[PDB]
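Before any comments, here is the structure.
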Amino acid sequence: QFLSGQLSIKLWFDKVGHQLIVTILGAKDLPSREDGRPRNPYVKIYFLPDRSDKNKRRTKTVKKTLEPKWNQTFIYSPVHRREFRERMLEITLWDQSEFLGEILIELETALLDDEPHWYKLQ
């Protein structure tokens, strides 16, 4: 019915350094609030399993926008190629509250090409 917006994310795995680099660039086309005002958006990421603080990261919250730009790089470590079939990134967007959607990326087929890509929020 309504557009939900998209999130630009860049992923890369450093196979020698055993680290997964996740850069959450920005979002576009976020839905306004029902009252017409813009959002105060942030992104939360869990590298699962273990839903614990160690595996949790969050962007800062941008004030009053539908096109936030965070440009933040998160570093997960230690990470091992052999673990990819059993790891996923749970990426959620929030209006600081209201849930604005989720992108769930399985590591085994993730775009680990160090390029930015757009993902639809669900």
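Naming works like this for the structure tokens: A, B, ... for the chains as they're shown, residue 1 at the start of each chain, ligands 1 onward in shown order.
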Exercise for review: From the DSSP assignment of the backbone, select every residue of chain A that is strand (DSSP E), and format the answer as an MDAnalysis selection string.
Suggested key: chainID A and resid 6:14 19:28 41:48 56:58 69:76 88:95 98:106 116:120
Exercise for review: Tell me, as a PyMOL selection string, which residues lie within 7 Å of residue 44 of chain A, counting only C-alpha atoms; anything in the same chain fewer than 5 positions away does not count.
Suggested key: chain A and resi 57-59+91-93
**Study point:** helix (DSSP H, G or I) per DSSP on the backbone: members of segment 16-119 of chain A, as number ranges by chain
**Key:** A: 53-55, 81-86, 107-109
Exercise for review: Compile the contact shell of segment 7-10 of chain A as an MDAnalysis selection string: residues with an atom at most 9 Å away, counting only C-alpha atoms, same-chain residues fewer than 6 positions apart removed.
Suggested key: chainID A and resid 21:28 73 93 103 111:121
Exercise for review: Check the smallest atom-to-atom distance from each of A:37, A:87, A:81, A:69 to residue 51 of chain A using only C-alpha atoms, then report the winner.
Suggested key: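 Of all the options, A:87 lies closest to residue 51 of chain A.
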